[PDB]
Amino acid sequence: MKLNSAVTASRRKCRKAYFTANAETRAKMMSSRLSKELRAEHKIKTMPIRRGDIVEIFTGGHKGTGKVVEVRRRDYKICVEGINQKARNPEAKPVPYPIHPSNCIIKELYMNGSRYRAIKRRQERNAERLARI
Amino acid sequence: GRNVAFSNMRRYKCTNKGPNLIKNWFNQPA
Amino acid sequence: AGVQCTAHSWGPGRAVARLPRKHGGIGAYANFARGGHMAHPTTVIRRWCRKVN
Amino acid sequence: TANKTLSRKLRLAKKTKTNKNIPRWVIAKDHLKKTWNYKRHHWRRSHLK
Amino acid sequence: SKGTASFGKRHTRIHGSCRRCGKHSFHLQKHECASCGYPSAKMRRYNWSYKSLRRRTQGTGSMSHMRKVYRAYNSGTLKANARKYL
Amino acid sequence: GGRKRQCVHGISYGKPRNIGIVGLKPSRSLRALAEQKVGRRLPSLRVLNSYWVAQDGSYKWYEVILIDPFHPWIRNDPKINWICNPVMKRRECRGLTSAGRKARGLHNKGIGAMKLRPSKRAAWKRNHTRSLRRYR
Amino acid sequence: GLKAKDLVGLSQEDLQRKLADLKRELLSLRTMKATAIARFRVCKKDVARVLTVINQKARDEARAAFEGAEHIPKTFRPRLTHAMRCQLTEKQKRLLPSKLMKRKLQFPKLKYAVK
RNA sequence: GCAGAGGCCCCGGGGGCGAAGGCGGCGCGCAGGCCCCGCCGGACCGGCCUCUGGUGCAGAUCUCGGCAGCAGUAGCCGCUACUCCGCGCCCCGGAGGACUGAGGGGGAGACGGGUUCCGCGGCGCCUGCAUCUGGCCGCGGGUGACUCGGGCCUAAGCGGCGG
RNA sequence: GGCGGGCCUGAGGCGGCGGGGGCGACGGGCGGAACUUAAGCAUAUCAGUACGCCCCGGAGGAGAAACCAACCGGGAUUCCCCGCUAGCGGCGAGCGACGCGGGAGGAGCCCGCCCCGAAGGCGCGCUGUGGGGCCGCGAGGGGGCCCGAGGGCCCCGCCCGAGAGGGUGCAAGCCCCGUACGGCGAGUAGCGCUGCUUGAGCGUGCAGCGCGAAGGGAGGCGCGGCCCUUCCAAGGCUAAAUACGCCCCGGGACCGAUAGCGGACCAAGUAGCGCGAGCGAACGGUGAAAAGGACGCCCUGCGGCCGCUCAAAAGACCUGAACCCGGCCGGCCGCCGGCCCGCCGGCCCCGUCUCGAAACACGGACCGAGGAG
RNA sequence: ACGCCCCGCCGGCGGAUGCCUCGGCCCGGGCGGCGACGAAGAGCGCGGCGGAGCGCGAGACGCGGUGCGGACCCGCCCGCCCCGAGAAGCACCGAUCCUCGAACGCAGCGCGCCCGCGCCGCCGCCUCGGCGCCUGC
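Here is what the cut-offs are and how they apply
Residues numbered from 1 in each chain as written, not as in the entry; some residues may be left out. Chains lettered and ligands numbered in written order. Part of a larger assembly, values for the part shown. Heavy atoms only, no water. Helix = DSSP H or I, 4+ residues; strand = E, 2+ residues; numbered from the N terminus. Rg over C-alpha atoms; globule rule 2.2 N^0.38 Å. Buried < 20%, exposed > 50% of the residue type's maximum accessible area, 1.4 Å probe, protein only. Contact = heavy atoms within 4.5 Å. Areas by Shrake-Rupley, 256 points an atom, 1.4 Å probe, with all protein chains shown as cover. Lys, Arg positive; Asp, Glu negative; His and termini not counted. Charge placed at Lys NZ, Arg CZ, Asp CG, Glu CD. Axes fitted to C-alpha atoms, helices over the stretch in contact; angles between N-to-C directions. Parallel < 35°, antiparallel > 145°, perpendicular 65-115°, else oblique. Left-handed = near helix turned anticlockwise from the far one by under 90°. Core = buried A, V, L, I, M, F, W, Y, C linked by side-chain atoms within 4.5 Å. Near = heavy atom within 4 Å. Polar contact = N/O pair within 3.5 Å; in protein donor to acceptor, adjacent residues only side chain to side chain. Nonpolar A, V, L, I, M, F, W, Y, C, P; charged D, E, K, R; others polar. Disulfide = S-S within 2.5 Å. 1 Å grid on protein atoms, 1.4 Å probe; cavity = no way out; pocket = protein on both sides within 12 Å on 5 of 7 lines; lining within 4 Å. Points joined across faces, edges and corners; volume = space filled by probe spheres on them. UniProt positions renumbered as here; feature names shortened; annotations may be inferred.

Its PDB record attributes the structure to cryo-EM, giving the resolution as 3.4 Å.

Put into structure tokens, the structure is as follows:
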């Protein structure tokens, strides 16, 4: 049971925060389980989802693999390539089905140079914690 | 009424206006 | 609550009930009026805690 | 009125300039679903000042 | 003639706009603001109308200086002051 | 002289006890009034004390000692440095000078003064408070 | 657009000349907007940047000129609040009369334990 | 009977294999009420023991919201008036007939309103009938002063003044 | 007499520094009601209240005894527990302290006088200065069945210093965020007369005036005497415990959209209204996803139809009640009873005060929500 | 036929009843931090497309500095995209800060005087007044 008075267990305050979170918080709230292979290499369980990451959906609806091309931060959902709603007519612009970051596993990360630094910081702190404090 | 002892309670003063003449002890355990 | 408004009884001859009404003629300041006070407003002076030996 | 003071005229000007409806792009950007600007006035029905 | 006929001679501006509160309450014959109190240095604030005090009090507007000082007091202004007291 | 209530035409309507406009007596000495009058004329100075100088049938003159609480000598003098504290701002307006203290009944102590100690208003509030404790 | 880091080491004359051109480009951009634009937004902020750098230098040189002067200008004075700027220094507040201070030294505070 | 609280509901209460609600129908109870069944509905809901209350409505010239019959009813009667043809609207244009009748239904100002002004496009709203009209709606524009007025002077007044 | 200086009282200007105005609380100073209670009403009560005005501060005010007491005595203030009774009062209705005792918290001092006198804060001053919080990691779940989508079921696990909670396409410890665990003393006292005030009663505190001390004050019945006990007024400072809105934080046997603030809704003190002071609304919800409606046929167009997207139109929105209404189908139609069911028999409009109401007494068109020990 | 009644069946009109709920409300803590260095408040202006709100102030829907943060920026654009290049976001700090307002050259939007200009208080200084108390010629 939570023993920190400063954290709130109020449904209203918790749901107010979720739906009014600042973009830095919103981004870490939008995290996905790294794949078993990627988890072993980077030694971290979850990474915040980013454009160009390849994710596989395990949830039964609209389930497939693809690259996130769009992160809809305001609705806390991501658009995977290939995950699209049925079009009314064949010759029409595809409409993406929004998928919750939680519903997918990150098979490949867009590595960049900041992400290399960020995944290293997280693993250094995880080393101090895994050294039993 | 009948056989009762007349109350020696003074009537409440400044109940809806004026100085707050009612104190509450919910701050006691704090 | 319910007492923040200015309402007075319209009077006795305007074919309306004598309950207090706002400038427009809107029922106010009563338990049966929408936006009116509770007839007996709840209060923190209730003894919340009992006593045991 | 044809003889007004600049101060009176300037407040009246702001009232005319801001008596406008929500821009159509703002309705799209904000996803409003409440198109009317309720602060809009009409000279015949409204009394400014 | 007390009613509609009398209301046809309404072409006067009894009250204009106050320089300090902007309300249509500044008497033009009396040169005083029914609400602002202007020309008086003090504001016209009456404890009978709490609803007139919740209409134009501290917190109705921007509170630019106050918000910035209160925020700074939470950060580094108390310490700059302890430096000045020395 | 005595005070005459400011009621228009001399009429103080209402209950008969509250009638009567001439011959009422001020609740504060004229010494206290003299110190309240120099406070308003000069609100940049703090009042220390006042003394009787002279009297006539028409007027009574009192000299008031006031302190500039922002002068270098006063701020750095440990004896008068307390006047510079902000809580001593316009002390006459809060009845804190000797004459004001007499008028508030604070020269008297013991029996006679036990309902005027933190203040007359405060004593009434401490006596008329309803405690309503938790384990009443 | 421009970066403040570039203009910080520029002559006050060079910054003054750069503002003149950026303000003439703000006339032409306004003129083309009305007559018939990322540049307009960029040049508005560029005028702001040059103006921040011009002011910072003059305020810095002026601060330095009146630094170490009795009665320095009010803009260059510490922030504080009206209440703090009228308060008594903790040296003035802790000043005690000679007799009272002597009795403090005569009877110094001590540490003791009662069993 | 309602709404909460603390427990229980023999492998841990009933629920997208359908919760509450709603509608129709049985049964059960002297009755308040309850229970089931079908249909709609689409996520919650209890039975019992203990505890708690802003706890039950036909009424109050009750409050607030809906809204019926009257009822296609009363009404749509100041300001003399329109008609023909042209795509043809009560709009426009031509032709007739007329009106306001120089204390005009005429041309202008002061005040008050504050864009109503103009031009173009429009009929969703208004224009108490209609509209293709407009004082309406959308889009774009419009007020230029050494000589006019403000400003200036003083009026009745109003303020200010060591005090 | 006229011209210079010093002193003393003024006058204008310049510098440095301060004041002013704000905040629906808490706090200090003042001025100050009435409704009301007395079953009428004047004193009284309301109430030393509303409100008006002035003034601070993070608290304020109070404060180191001209105190209380009467003891086998205490010992500045403020605050809490207690007695509510001593008393006051058309001795009516009402009103009303304190000391002792238990606690919270505790902390003491200065000036004038006096002595030196410029040793000083030295343009002054001998009419006296000086000195005596931030930053972070953060565990552990699969299979099968069905769904539009499990967070459902049905087996089997795993983590737990974490089974607080929130999010996720349905009820999730293991999908995600988090949570548990961590680092960095004189015009005075008094007295006389007067007004206000208090429980203070031949005066509790205050004040106007007149008069005015010297050893003086107090000991709760005035005066005169004599003792006793106990203190030093008419100058000043002081922390702590105590109070409390705005604002931030957290919690709740709270409210759940006519409720809860007036205000849950991109734009509420808003739209609107009043010359003005001021008054002041209403309006929550599509879905999992905007996927917000494919195509074709018809029409002068609008629109209509066929469907389409969806699990579903849920189509400007969840559910979708009653009142009321339209189409179609059945019936001649109020309630209670007996029968197959349209006859026979019974039946005034309730609520309400009232001796008595169907009343030509009063309220009630209807419905729904709210609505009073 | 109307009107009712309702034996079902299906439409409307309405918005009850559910269920929810980024809002109240009460209770604790904390805080106690405004202003002539211009507050509180107000008026105008400011966005590429810009009505209201919020925010800003002619440097205007912001700008600089320092640290984080690490891909986005509601629409159409634009700008980014990269071991740093640097979007959302996040503190803290420095500035800018129109007109009115205690409101300060005088007015309220109009007019000065000087090369900035309000009042009151305190403490200094400068200039000089008095048949005030004196003194020398």
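Caption draft 1: Looking closely at the overall build of chain F. Summing up its helical and strand segments, chain F has four helices and two strands in all. Taken from N to C terminus, the helices and strands of chain F fall in the order α-β-β-α-α-α. On C-alpha atoms alone, chain F measures out to a radius of gyration of 20 Å, which is more than a quarter above the 14 Å that the 2.2 N^0.38 rule sets for 136 residues. The buried share of chain F, taken over its 136 residues, is 25%. Residue pairs in contact within chain F that sit at least 24 positions apart in sequence constitute 31% of those at least 6 positions apart. Total accessible area on chain F is roughly 9800 Å²; 57% of this is exposed by carbon and sulfur atoms. In chain F, the 33 positive side-chain charges and the 6 negative ones have mean positions that sit 20 Å from each other.

Caption draft 2: Highlighting the packing of helix α2 (residues 12-35) of chain G against helix α3 (residues 38-66) of chain G. All names here are of chain G. At a minimum axis separation of 9 Å, α2 and α3 run at an interaxial angle of 155 degrees. Considered as vectors, α2 and α3 are oriented roughly antiparallel to each other. In the crossing of α2 with α3, the sense of the turn from one axis to the other is left-handed. Counting all contacts with α2, which are made through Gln12, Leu15, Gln16, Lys18, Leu19, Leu22, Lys23, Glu25, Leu26, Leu29, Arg30 and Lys33, the residues of α3 involved are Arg39, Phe40, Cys43, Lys44, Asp46, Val47, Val50, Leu51, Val53, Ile54, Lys57 and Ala58.

Caption draft 3: The arrangement of the nonpolar core in detail. Counting residues in hydrophobic clusters, the biggest one holds 20 residues, and the most contacted among them are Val55, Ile78 and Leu109 of chain A. With residues near it in sequence (within four places) discarded, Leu109 of chain A still touches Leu34, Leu38, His42, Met47, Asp53, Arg115 and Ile119 of chain A. Of all hydrophobic cores here, the second largest spans 12 residues; its members include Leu15, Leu19, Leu22 and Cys43 of chain G.

Caption draft 4: Expanded view of the protein's contact with RNA strand I. Neighbouring residues of RNA strand I: 178 residues in total, closest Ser102 of chain A, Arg54 of chain E together with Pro26, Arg94 and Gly112 of chain F. Close to the protein, within 4 Å, the atoms of RNA strand I are drawn from sugar and phosphate at a rate of 79%. For RNA strand I, a sugar or linking oxygen lies 3.5 Å from a polar atom in the backbone of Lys2 of chain A. A distance of 2.8 Å separates a base oxygen of RNA strand I from a polar atom in the side chain of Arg88 of chain A. For the surface near RNA strand I, the element with the highest residue contribution is helix α4 (residues 120-127) of chain F, accounting for seven residues. In the surface near RNA strand I, the residues fall into 56 nonpolar, 58 polar and 64 charged.

Caption draft 5: Highlighting the state of the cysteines. Residues and elements named next belong to chain E. The final tally for this structure, using the stated rule, is four disulfides over all chains. Two residues, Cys21 and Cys36, share a disulfide whose sulfurs are 2.0 Å apart. Looking along the S-S bond of the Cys21-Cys36 disulfide, the torsion reads about -55 degrees, which is the left-handed sense. Within this pair, whereas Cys21 is found in the loop between β1 (15-16) and β2 (26-27), its partner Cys36 is found in the loop between β3 (32-33) and α1 (50-53), the two being separated by 15 residues in sequence.

Caption draft 6: Looking closely at the protein's contact with RNA strand H. In the vicinity of RNA strand H there are 34 residues, among which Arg46 of chain C, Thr1, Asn3 and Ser46 of chain D together with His11 of chain E approach most closely. Here RNA strand H approaches the protein such that, of its atoms within 4 Å, sugar and phosphate make up 56%. Between RNA strand H and the protein, one listed contact pairs a phosphate oxygen with a backbone N or O atom of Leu48 of chain D at 3.0 Å. For the surface near RNA strand H, the element with the highest residue contribution is helix α1 (residues 6-17) of chain D, accounting for three residues.

Caption draft 7: Structural detail: empty space enclosed by the protein. Of the volumes computed, that of the largest cavity is approximately 50 Å³. Along the walls of the largest cavity sit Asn24, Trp25 and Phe26 of chain B, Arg46, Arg47, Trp48 and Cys49 of chain C together with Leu132, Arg133, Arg134 and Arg136 of chain F, which together make up its complete lining. When grouped by side-chain class, the residues that make up the lining of the largest cavity number five nonpolar, one polar and five charged.

Caption draft 8: The UniProt feature "binding site: Mg(2+)" (unreviewed entry) in chain E, seen in detail. The residues that UniProt annotates with the feature "binding site: Mg(2+)" (unreviewed entry) are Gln29 of chain E. Within the secondary structure, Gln29 of chain E sits in the loop between β2 and β3.

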